[PDB]
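Chemist: Would you mind keeping the following structure in view while I ask a few things?
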Amino acid sequence: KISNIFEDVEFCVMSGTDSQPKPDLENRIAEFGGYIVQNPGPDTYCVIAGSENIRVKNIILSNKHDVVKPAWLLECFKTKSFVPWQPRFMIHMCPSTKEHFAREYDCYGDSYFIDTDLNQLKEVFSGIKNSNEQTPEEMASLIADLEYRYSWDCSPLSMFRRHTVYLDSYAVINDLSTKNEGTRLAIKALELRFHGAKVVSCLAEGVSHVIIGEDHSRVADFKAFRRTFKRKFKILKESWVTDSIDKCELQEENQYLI
Amino acid sequence: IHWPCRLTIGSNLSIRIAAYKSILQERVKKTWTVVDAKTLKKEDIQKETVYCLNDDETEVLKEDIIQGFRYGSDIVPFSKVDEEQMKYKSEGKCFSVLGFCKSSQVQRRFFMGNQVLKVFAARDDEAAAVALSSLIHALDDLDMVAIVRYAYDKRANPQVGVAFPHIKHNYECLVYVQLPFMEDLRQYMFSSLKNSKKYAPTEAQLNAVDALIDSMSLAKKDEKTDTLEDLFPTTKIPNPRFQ
Amino acid sequence: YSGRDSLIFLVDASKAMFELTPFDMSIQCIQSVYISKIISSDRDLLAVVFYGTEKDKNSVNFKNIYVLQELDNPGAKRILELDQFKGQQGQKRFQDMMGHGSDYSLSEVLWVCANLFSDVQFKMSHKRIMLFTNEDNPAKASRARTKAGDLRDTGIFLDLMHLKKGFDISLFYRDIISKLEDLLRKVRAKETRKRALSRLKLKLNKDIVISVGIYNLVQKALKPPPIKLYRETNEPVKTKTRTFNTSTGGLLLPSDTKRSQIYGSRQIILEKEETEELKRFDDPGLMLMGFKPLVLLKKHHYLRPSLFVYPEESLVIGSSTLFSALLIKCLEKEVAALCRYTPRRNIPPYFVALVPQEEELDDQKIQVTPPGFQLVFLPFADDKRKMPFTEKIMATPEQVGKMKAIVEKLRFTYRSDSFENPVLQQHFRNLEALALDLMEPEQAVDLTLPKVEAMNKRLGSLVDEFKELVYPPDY
DNA sequence: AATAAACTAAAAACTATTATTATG
DNA sequence: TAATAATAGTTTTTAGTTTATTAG
């Protein structure tokens, strides 16, 4: 009666026991005129699903209809009108509805004509499984280019994406066993690790920002490998790394020399 | 027709076998044709249903029915499409044998099913034939019967079965009879009869019964020529219904 | 048969079984018993009543006594009511709407149980009560024991095990009463029947007959027939169906039904009456032909399951006496009775062998081979089948000895009831799952897959060693 | 063009059930 | 005039309809 758009169209609320009792779902479709059925029939537009029982899984196993969470119904209940389906209140695709999530959505909840907000992005990203199957060089090459091509290399806490520093935590350089204990020299590496910085503990081609900590007499050892590698590293104070991310920035070598 | 399959004695060690329907309660070859009263052909003859809804004259069609089951106080809906996955899945036309026991434990009383199978080997498989012959000779020597989980085909039903061999000078094979499921074991308590003080047969009745038994022997007694001959052989007489 | 066994479940609520907690598997066992009953027999009744709570839901309004399910046929709604309290959250919500341990009196709960038993309006064959508590609680004890004795005198049975485990805590209930592990759904899809087959007359001769009680004992089981419920309303249709006139239009009549078999040149048109009268040969009963030795049997001519034959001292008195005499003679005689048997009118006769069934009472006096006879069908000539000749090769003593060593290593006692039908079991489980709105319950093979697939190495397989053919016989 | 899992009528009993002819 | 008679509808079997592999 009220939302008579649901009327003249049959809906199968067969499980419908996630949190809403069936009679309430059966009642609400009545003041909206929608037709209720207790079996999957071809005249049913979609199946209003609830808990995940064996037979609704069989309905999911079958391709007879569309498996719908009550959230879409509640969205339809509150709006008193049909709501286009999204991969957040919808379960299973029928061949007619298979293209529906392919027409205005690509492969996830992301759409092609509805701008995504933070809530949409979080739901879309949550739908995507979490797995970092990518080597750290590739974050520096392609993923760092996301902050480059789209100009995000100035982000406060992640700006060492393309800056590769020296984890200056050794009394003698070129030796990785004389780790300095009791000091906060490891903060530079973690701050480098806070971004896409390739944390190379030894003087290598990657080392370009020597962050001198509590010992500056080690510059002589830096001179040995300052010529053996192309991108020469420069003597930089703790402000370039230790205080830069504390200030949430990325300092420059010239202003942080020594 | 033959049942060409493999006898799975053990995990592997399968043996090619062929089985035939041996003894069966025969049915009529041709069923009666219900023909028209005057045309005497199939013009107004048809099998059909209306499926009228129990109401006021509303009816239903084939797609409108649901194969429910009486779950006690109520009926739970169910469909053949649900049966497709909610059913036991068989593994081809297997002949899996699982157990071995002594012939004493089994009983001619506990012979079930509706057919008999002469468990022969496959066609001209001499190795399989001699292996089956050795196995059946061993079983006969030890009276050591076998338990068979039988399935006619992929769509058939699992069938526990007893296996014991038959040996003659013209045919030698194994006899298979369907064993029961524990649901089939119906029990009915009965009062004892040999201790019936109210109905105790008199010794005169006993001797009269003995004389009757001796007089109405329907088989020739085994003489020095072992003349254990059936004077009234029933097995050689066809069903009088067909004649 | 009228009358059934009545079992009621009583469980204490004294915040002692709340701590797995005894209440938990008590509820689980009650649910399993209810499921086994609804799958086994519907004529029985179940009742669920609790005591010790803070609520007094009962007919006479006695303290701490709560009734949940009264004596009625098992139902899915009762199962859901039980299941809503099965979980730990179910346990706490149960304790919320019901109430925790409080004061009570066993006299009151026994009185309520007696009232509930009297509430039924049917002849009820047996009356049993199941009670659950961890330890015996007990004035109150004297009146409780007196009332329990009175109820036991009225024809009420009691059952209980303490929920601590051993044989330690039954002190206050030593005399009150006249193990639940087997009740934990160990039996499933049971079938119960009480009737008997059609009693007939044993036409042993031309003048005197014996009222014989026919009894089936191993008849084939099958799934219950489906119902043609509607798609939406989920209720069956009237199922109206009979042939009418279609080519000419109109309604056909039973008198219009003509039967024929097109044979050779012409179709011999007849009516049904000739068809039923063709099936008629004699009157129902067992026309005895004589005796034939049991050794004179083909030992492989089973065609229809055997039926037990018992005396029925209701139409002639000579049944019991003559059957006892024959069974006594069945000791000395191994000859078997030959009878022409017809279950009812218009049935072709079958030759029948009456194998001596003499009672074998065990230590518990189990009626093994009940005293009487079993019907043994004898195949006709047409029932036999041809068999292509096969006398190719014999076996060797080495091969038969090796096979003996292989086979007798693995022996089984062959418990008769050790196997059930996997199809029926799975069907019952699927119906159970659908009736309770759950997932796939479980799959349990009834030994259909041989266990030898894993213990063949345990029995020392030697046929693999003995490949008689250079080419693999098991290709 | 055969056999057989898998439906579909159909025919006894074990239960309640009612008309006798009990009398003017 | 104040009993037992034939008597329904139970389940329970039991016999008669339907789709996979041989023949061309």
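Here, A, B, ... name the chains of the structure tokens in the order displayed, residue numbers run from 1 inside each chain, and ligands are numbered from 1 in the same displayed order.
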DSSP says helix (DSSP H, G or I) for which residues of range 37-180 of chain A? Put them as a PyMOL selection string?
Modeler: chain A and resi 54-61+70-79+95-98+100-103+118-127+136-149
Chemist: From a DSSP calculation on the backbone, collect every residue of range 286-346 of chain C in strand (DSSP E or B) and output the set as a PDB file with N, CA and C atoms, in the first residue's frame.
Modeler:
ATOM      1  N   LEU C 286      -2.913 -72.027   3.675  1.00  0.00           N
ATOM      2  CA  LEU C 286      -1.730 -72.831   3.371  1.00  0.00           C
ATOM      3  C   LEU C 286      -2.172 -74.282   3.203  1.00  0.00           C
ATOM      4  N   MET C 287      -2.357 -74.703   1.954  1.00  0.00           N
ATOM      5  CA  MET C 287      -2.750 -76.078   1.666  1.00  0.00           C
ATOM      6  C   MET C 287      -1.516 -76.970   1.723  1.00  0.00           C
ATOM      7  N   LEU C 288      -1.426 -77.792   2.766  1.00  0.00           N
ATOM      8  CA  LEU C 288      -0.238 -78.605   2.983  1.00  0.00           C
ATOM      9  C   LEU C 288      -0.155 -79.733   1.962  1.00  0.00           C
ATOM     10  N   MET C 289       1.040 -79.922   1.403  1.00  0.00           N
ATOM     11  CA  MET C 289       1.319 -81.005   0.467  1.00  0.00           C
ATOM     12  C   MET C 289       1.982 -82.196   1.148  1.00  0.00           C
ATOM     13  N   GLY C 290       2.891 -81.936   2.082  1.00  0.00           N
ATOM     14  CA  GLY C 290       3.580 -83.009   2.782  1.00  0.00           C
ATOM     15  C   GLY C 290       4.884 -82.516   3.372  1.00  0.00           C
ATOM     16  N   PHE C 291       5.800 -83.455   3.592  1.00  0.00           N
ATOM     17  CA  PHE C 291       7.108 -83.145   4.148  1.00  0.00           C
ATOM     18  C   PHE C 291       8.210 -83.522   3.167  1.00  0.00           C
ATOM     19  N   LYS C 292       9.277 -82.720   3.170  1.00  0.00           N
ATOM     20  CA  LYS C 292      10.403 -82.904   2.280  1.00  0.00           C
ATOM     21  C   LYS C 292      11.663 -82.560   3.065  1.00  0.00           C
ATOM     22  N   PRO C 293      12.718 -83.366   2.957  1.00  0.00           N
ATOM     23  CA  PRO C 293      13.914 -83.137   3.779  1.00  0.00           C
ATOM     24  C   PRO C 293      14.531 -81.769   3.534  1.00  0.00           C
ATOM     25  N   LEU C 307       8.817 -65.318   6.220  1.00  0.00           N
ATOM     26  CA  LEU C 307       7.825 -64.843   7.172  1.00  0.00           C
ATOM     27  C   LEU C 307       7.627 -65.881   8.267  1.00  0.00           C
ATOM     28  N   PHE C 308       7.683 -65.428   9.515  1.00  0.00           N
ATOM     29  CA  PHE C 308       7.500 -66.319  10.650  1.00  0.00           C
ATOM     30  C   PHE C 308       6.051 -66.782  10.748  1.00  0.00           C
ATOM     31  N   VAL C 309       5.875 -68.030  11.177  1.00  0.00           N
ATOM     32  CA  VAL C 309       4.560 -68.623  11.386  1.00  0.00           C
ATOM     33  C   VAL C 309       4.439 -68.997  12.855  1.00  0.00           C
ATOM     34  N   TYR C 310       3.362 -68.548  13.490  1.00  0.00           N
ATOM     35  CA  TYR C 310       3.126 -68.744  14.911  1.00  0.00           C
ATOM     36  C   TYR C 310       1.707 -69.239  15.142  1.00  0.00           C
ATOM     37  N   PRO C 311       1.491 -70.040  16.181  1.00  0.00           N
ATOM     38  CA  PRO C 311       0.121 -70.400  16.559  1.00  0.00           C
ATOM     39  C   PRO C 311      -0.653 -69.191  17.058  1.00  0.00           C
ATOM     40  N   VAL C 335      12.679 -83.068   7.846  1.00  0.00           N
ATOM     41  CA  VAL C 335      11.814 -82.801   6.706  1.00  0.00           C
ATOM     42  C   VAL C 335      11.040 -81.509   6.938  1.00  0.00           C
ATOM     43  N   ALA C 336      10.753 -80.800   5.849  1.00  0.00           N
ATOM     44  CA  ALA C 336      10.084 -79.508   5.905  1.00  0.00           C
ATOM     45  C   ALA C 336       8.721 -79.589   5.232  1.00  0.00           C
ATOM     46  N   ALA C 337       7.762 -78.849   5.786  1.00  0.00           N
ATOM     47  CA  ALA C 337       6.400 -78.874   5.272  1.00  0.00           C
ATOM     48  C   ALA C 337       6.308 -78.174   3.923  1.00  0.00           C
ATOM     49  N   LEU C 338       5.553 -78.773   3.007  1.00  0.00           N
ATOM     50  CA  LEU C 338       5.293 -78.203   1.692  1.00  0.00           C
ATOM     51  C   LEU C 338       3.843 -77.739   1.652  1.00  0.00           C
ATOM     52  N   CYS C 339       3.638 -76.444   1.426  1.00  0.00           N
ATOM     53  CA  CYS C 339       2.312 -75.845   1.499  1.00  0.00           C
ATOM     54  C   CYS C 339       2.077 -74.940   0.300  1.00  0.00           C
ATOM     55  N   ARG C 340       0.870 -75.007  -0.259  1.00  0.00           N
ATOM     56  CA  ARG C 340       0.428 -74.030  -1.245  1.00  0.00           C
ATOM     57  C   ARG C 340      -0.189 -72.848  -0.508  1.00  0.00           C
ATOM     58  N   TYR C 341       0.442 -71.682  -0.617  1.00  0.00           N
ATOM     59  CA  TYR C 341       0.116 -70.534   0.217  1.00  0.00           C
ATOM     60  C   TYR C 341      -0.444 -69.404  -0.632  1.00  0.00           C
ATOM     61  N   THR C 342      -1.505 -68.777  -0.135  1.00  0.00           N
ATOM     62  CA  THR C 342      -2.108 -67.605  -0.753  1.00  0.00           C
ATOM     63  C   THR C 342      -2.436 -66.592   0.336  1.00  0.00           C
TER      64      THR C 342
END
Chemist: With 7 Å as the limit and counting only C-alpha atoms, what residues in chain C lie close to chain A? Please list them as an mmCIF file with N, CA, C and O atoms, in the first residue's frame.
Modeler:
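Output below, filename iface39.cif:
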data_model
loop_
_atom_site.group_PDB
_atom_site.id
_atom_site.type_symbol
_atom_site.label_atom_id
_atom_site.label_comp_id
_atom_site.auth_asym_id
_atom_site.auth_seq_id
_atom_site.Cartn_x
_atom_site.Cartn_y
_atom_site.Cartn_z
ATOM 1 N N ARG C 231 3.587 -24.984 -3.464
ATOM 2 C CA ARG C 231 4.845 -24.244 -3.499
ATOM 3 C C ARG C 231 4.858 -23.119 -2.470
ATOM 4 O O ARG C 231 5.824 -22.969 -1.713
ATOM 5 N N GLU C 232 3.789 -22.324 -2.412
ATOM 6 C CA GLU C 232 3.758 -21.157 -1.536
ATOM 7 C C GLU C 232 3.148 -21.487 -0.176
ATOM 8 O O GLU C 232 3.800 -21.327 0.861
ATOM 9 N N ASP C 437 16.677 -25.728 10.785
ATOM 10 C CA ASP C 437 17.282 -24.546 10.171
ATOM 11 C C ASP C 437 18.786 -24.490 10.454
ATOM 12 O O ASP C 437 19.305 -23.538 11.041
ATOM 13 N N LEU C 438 19.483 -25.541 10.022
ATOM 14 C CA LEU C 438 20.917 -25.659 10.265
ATOM 15 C C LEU C 438 21.680 -25.979 8.986
ATOM 16 O O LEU C 438 21.117 -25.937 7.887
ATOM 17 N N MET C 439 22.966 -26.294 9.123
ATOM 18 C CA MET C 439 23.807 -26.672 7.999
ATOM 19 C C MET C 439 23.741 -28.187 7.807
ATOM 20 O O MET C 439 22.892 -28.871 8.385
ATOM 21 N N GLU C 440 24.632 -28.725 6.982
ATOM 22 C CA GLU C 440 24.706 -30.165 6.785
ATOM 23 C C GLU C 440 25.069 -30.831 8.108
ATOM 24 O O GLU C 440 26.118 -30.509 8.686
#
Chemist: CA of residue 416 in chain C to CA of residue 144 in chain B: how many Å, to one decimal?
Modeler: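 Taking CA of residue 416 in chain C as the start and CA of residue 144 in chain B as the end point, the length is 16.1 Å.
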Chemist: Smallest atom-to-atom distance to chain E: which of B:108, B:118, B:80, B:154, using only C-alpha atoms (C1' of nucleotides)?
Modeler: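 Closest to chain E, using only C-alpha atoms (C1' of nucleotides): B:154.
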Chemist: Could you give me, as a PyMOL selection string, the residues within 9 Å of range 46-55 of chain C, counting only C-alpha atoms (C1' of nucleotides) and dropping anything in the same chain fewer than 4 positions from it?
Modeler: chain C and resi 6-15+30+34+37+63-74+95+97-105+109+113+116
Chemist: I'd like the neighbourhood of residue 221 in chain B as a ChimeraX atom specification, where a residue qualifies if any of its atoms comes within 10 Å (using only C-alpha atoms (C1' of nucleotides)), though same-chain residues fewer than 5 positions away should be ignored.
Modeler: /B:226-231 /C:293
Chemist: When the cut-off is 10 Å and we count only C-alpha atoms (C1' of nucleotides), which residues of chain E are near chain B, given as JSON, numbers by chain?
Modeler: {"E": [16, 20, 22]}
Chemist: Selected residues, C-alpha atoms (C1' of nucleotides), written as a PDB file, in the first residue's frame, please.
Modeler:
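Okay, part-v7.pdb is ready:
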ATOM      1  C1'  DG E  16       1.701 -52.086 -11.086  1.00  0.00           C
ATOM      2  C1'  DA E  20      19.709 -45.738 -17.586  1.00  0.00           C
ATOM      3  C1'  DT E  22      22.363 -53.443 -25.347  1.00  0.00           C
TER       4       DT E  22
END
Chemist: So which residues touch residue 103 in chain B within 10 Å, counting only C-alpha atoms (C1' of nucleotides), skipping near sequence neighbours fewer than 2 positions away, as a PDB file with N, CA, C and O atoms, in the first residue's frame?
Modeler:
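Okay, this is what ended up in result25.pdb:
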ATOM      1  N   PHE B 100      34.432 -60.689   6.770  1.00  0.00           N
ATOM      2  CA  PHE B 100      34.450 -62.136   6.625  1.00  0.00           C
ATOM      3  C   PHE B 100      34.034 -62.762   7.946  1.00  0.00           C
ATOM      4  O   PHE B 100      34.544 -62.380   9.002  1.00  0.00           O
ATOM      5  N   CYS B 101      33.113 -63.723   7.885  1.00  0.00           N
ATOM      6  CA  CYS B 101      32.661 -64.418   9.084  1.00  0.00           C
ATOM      7  C   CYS B 101      32.498 -65.908   8.819  1.00  0.00           C
ATOM      8  O   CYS B 101      32.770 -66.383   7.712  1.00  0.00           O
ATOM      9  N   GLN B 105      27.261 -68.268  11.779  1.00  0.00           N
ATOM     10  CA  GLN B 105      26.623 -67.050  12.272  1.00  0.00           C
ATOM     11  C   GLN B 105      25.461 -66.626  11.384  1.00  0.00           C
ATOM     12  O   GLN B 105      24.396 -66.248  11.885  1.00  0.00           O
ATOM     13  N   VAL B 106      25.642 -66.684  10.063  1.00  0.00           N
ATOM     14  CA  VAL B 106      24.560 -66.300   9.167  1.00  0.00           C
ATOM     15  C   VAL B 106      23.456 -67.354   9.203  1.00  0.00           C
ATOM     16  O   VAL B 106      23.644 -68.487   9.661  1.00  0.00           O
ATOM     17  N   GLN B 107      22.284 -66.967   8.708  1.00  0.00           N
ATOM     18  CA  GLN B 107      21.101 -67.811   8.754  1.00  0.00           C
ATOM     19  C   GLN B 107      20.384 -67.776   7.414  1.00  0.00           C
ATOM     20  O   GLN B 107      20.290 -66.724   6.777  1.00  0.00           O
ATOM     21  N   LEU B 139      37.143 -70.410   1.068  1.00  0.00           N
ATOM     22  CA  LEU B 139      35.968 -70.056   1.855  1.00  0.00           C
ATOM     23  C   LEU B 139      35.133 -71.288   2.183  1.00  0.00           C
ATOM     24  O   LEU B 139      34.656 -71.438   3.313  1.00  0.00           O
ATOM     25  N   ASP B 140      34.949 -72.181   1.208  1.00  0.00           N
ATOM     26  CA  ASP B 140      34.193 -73.405   1.456  1.00  0.00           C
ATOM     27  C   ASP B 140      34.900 -74.295   2.469  1.00  0.00           C
ATOM     28  O   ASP B 140      34.257 -74.875   3.353  1.00  0.00           O
ATOM     29  N   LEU B 142      36.961 -73.415   4.881  1.00  0.00           N
ATOM     30  CA  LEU B 142      36.854 -72.826   6.207  1.00  0.00           C
ATOM     31  C   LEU B 142      35.429 -72.437   6.578  1.00  0.00           C
ATOM     32  O   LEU B 142      35.216 -71.929   7.684  1.00  0.00           O
ATOM     33  N   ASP B 143      34.454 -72.669   5.693  1.00  0.00           N
ATOM     34  CA  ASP B 143      33.079 -72.211   5.897  1.00  0.00           C
ATOM     35  C   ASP B 143      33.046 -70.717   6.200  1.00  0.00           C
ATOM     36  O   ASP B 143      32.256 -70.250   7.025  1.00  0.00           O
ATOM     37  N   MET B 144      33.908 -69.965   5.525  1.00  0.00           N
ATOM     38  CA  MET B 144      34.261 -68.609   5.922  1.00  0.00           C
ATOM     39  C   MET B 144      33.538 -67.669   4.961  1.00  0.00           C
ATOM     40  O   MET B 144      34.043 -67.365   3.877  1.00  0.00           O
ATOM     41  N   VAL B 145      32.347 -67.221   5.350  1.00  0.00           N
ATOM     42  CA  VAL B 145      31.506 -66.423   4.468  1.00  0.00           C
ATOM     43  C   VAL B 145      32.029 -64.993   4.418  1.00  0.00           C
ATOM     44  O   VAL B 145      32.756 -64.536   5.302  1.00  0.00           O
ATOM     45  N   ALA B 146      31.644 -64.276   3.365  1.00  0.00           N
ATOM     46  CA  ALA B 146      32.118 -62.925   3.108  1.00  0.00           C
ATOM     47  C   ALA B 146      30.970 -61.926   3.179  1.00  0.00           C
ATOM     48  O   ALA B 146      29.815 -62.255   2.894  1.00  0.00           O
ATOM     49  N   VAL B 162      25.814 -61.005   1.740  1.00  0.00           N
ATOM     50  CA  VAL B 162      26.554 -62.180   2.180  1.00  0.00           C
ATOM     51  C   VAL B 162      27.029 -62.939   0.951  1.00  0.00           C
ATOM     52  O   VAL B 162      26.322 -63.042  -0.059  1.00  0.00           O
ATOM     53  N   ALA B 163      28.249 -63.464   1.028  1.00  0.00           N
ATOM     54  CA  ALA B 163      28.858 -64.186  -0.078  1.00  0.00           C
ATOM     55  C   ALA B 163      29.298 -65.563   0.391  1.00  0.00           C
ATOM     56  O   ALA B 163      30.067 -65.680   1.351  1.00  0.00           O
ATOM     57  N   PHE B 164      28.810 -66.602  -0.289  1.00  0.00           N
ATOM     58  CA  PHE B 164      29.218 -67.974  -0.043  1.00  0.00           C
ATOM     59  C   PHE B 164      29.187 -68.694  -1.382  1.00  0.00           C
ATOM     60  O   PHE B 164      28.291 -68.430  -2.197  1.00  0.00           O
TER      61      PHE B 164
END
Chemist: Which residues come within 7 Å of range 120-124 of chain A, counting only C-alpha atoms (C1' of nucleotides), excluding same-chain residues fewer than 6 positions away, as a PyMOL selection string?
Modeler: chain A and resi 108-110
Chemist: List as a list in words the protein and nucleic acid residues near range 79-87 of chain A, meaning an atom at most 8 Å away when only C-alpha atoms (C1' of nucleotides) are counted, but skip any in the same chain fewer than 2 places from it.
Modeler: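 In the requested form, the answer reads residues 2, 3, 5, 6, 32, 72, 75, 76, 77, 89, 90, 91, 100, 101, 108 and 109 of chain A.
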Chemist: Please produce an output containing N, CA and C atoms for each residue in the selection, written as a PDB file, in the first residue's frame.
Modeler:
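Resulting contents of part08.pdb:
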ATOM      1  N   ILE A   2       1.747   1.362   0.994  1.00  0.00           N
ATOM      2  CA  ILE A   2       2.608   2.537   1.104  1.00  0.00           C
ATOM      3  C   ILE A   2       3.645   2.540  -0.013  1.00  0.00           C
ATOM      4  N   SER A   3       4.558   1.573   0.011  1.00  0.00           N
ATOM      5  CA  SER A   3       5.568   1.435  -1.036  1.00  0.00           C
ATOM      6  C   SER A   3       5.108   0.391  -2.052  1.00  0.00           C
ATOM      7  N   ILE A   5       5.480   0.121  -4.990  1.00  0.00           N
ATOM      8  CA  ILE A   5       6.438  -0.297  -6.009  1.00  0.00           C
ATOM      9  C   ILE A   5       6.869  -1.736  -5.766  1.00  0.00           C
ATOM     10  N   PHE A   6       6.962  -2.144  -4.497  1.00  0.00           N
ATOM     11  CA  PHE A   6       7.250  -3.540  -4.186  1.00  0.00           C
ATOM     12  C   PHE A   6       6.090  -4.444  -4.579  1.00  0.00           C
ATOM     13  N   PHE A  32       3.546  -2.595   2.094  1.00  0.00           N
ATOM     14  CA  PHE A  32       4.106  -2.155   0.827  1.00  0.00           C
ATOM     15  C   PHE A  32       3.513  -2.901  -0.359  1.00  0.00           C
ATOM     16  N   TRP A  72      19.545  -4.690   2.342  1.00  0.00           N
ATOM     17  CA  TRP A  72      18.923  -4.118   1.151  1.00  0.00           C
ATOM     18  C   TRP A  72      17.427  -3.928   1.354  1.00  0.00           C
ATOM     19  N   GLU A  75      17.035  -0.982   3.587  1.00  0.00           N
ATOM     20  CA  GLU A  75      17.231   0.183   2.731  1.00  0.00           C
ATOM     21  C   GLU A  75      15.998   0.435   1.873  1.00  0.00           C
ATOM     22  N   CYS A  76      15.436  -0.626   1.291  1.00  0.00           N
ATOM     23  CA  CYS A  76      14.187  -0.488   0.553  1.00  0.00           C
ATOM     24  C   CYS A  76      13.027  -0.158   1.486  1.00  0.00           C
ATOM     25  N   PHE A  77      13.028  -0.727   2.694  1.00  0.00           N
ATOM     26  CA  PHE A  77      11.972  -0.425   3.659  1.00  0.00           C
ATOM     27  C   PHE A  77      11.991   1.047   4.054  1.00  0.00           C
ATOM     28  N   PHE A  89      25.145  -5.021   0.712  1.00  0.00           N
ATOM     29  CA  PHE A  89      23.882  -5.566   1.194  1.00  0.00           C
ATOM     30  C   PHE A  89      23.354  -6.640   0.249  1.00  0.00           C
ATOM     31  N   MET A  90      24.252  -7.362  -0.420  1.00  0.00           N
ATOM     32  CA  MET A  90      23.900  -8.310  -1.463  1.00  0.00           C
ATOM     33  C   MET A  90      24.875  -9.479  -1.400  1.00  0.00           C
ATOM     34  N   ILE A  91      24.405 -10.675  -1.765  1.00  0.00           N
ATOM     35  CA  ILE A  91      25.176 -11.908  -1.585  1.00  0.00           C
ATOM     36  C   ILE A  91      25.503 -12.581  -2.918  1.00  0.00           C
ATOM     37  N   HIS A 100      24.678  -6.948 -13.313  1.00  0.00           N
ATOM     38  CA  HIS A 100      24.332  -5.782 -12.506  1.00  0.00           C
ATOM     39  C   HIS A 100      25.513  -5.328 -11.659  1.00  0.00           C
ATOM     40  N   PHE A 101      26.234  -6.273 -11.054  1.00  0.00           N
ATOM     41  CA  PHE A 101      27.470  -5.930 -10.365  1.00  0.00           C
ATOM     42  C   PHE A 101      28.640  -5.754 -11.322  1.00  0.00           C
ATOM     43  N   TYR A 108      34.508  -5.100  -7.395  1.00  0.00           N
ATOM     44  CA  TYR A 108      34.184  -4.988  -5.981  1.00  0.00           C
ATOM     45  C   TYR A 108      33.071  -3.956  -5.819  1.00  0.00           C
ATOM     46  N   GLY A 109      32.858  -3.520  -4.578  1.00  0.00           N
ATOM     47  CA  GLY A 109      31.895  -2.465  -4.314  1.00  0.00           C
ATOM     48  C   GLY A 109      32.199  -1.155  -5.012  1.00  0.00           C
TER      49      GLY A 109
END
Chemist: Counting only C-alpha atoms (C1' of nucleotides), figure out which residue out of D:18, D:7, D:23, D:13 gets nearest to residue 9 in chain E.
Modeler: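 Answer, going by the shortest atom-to-atom distance: D:13.
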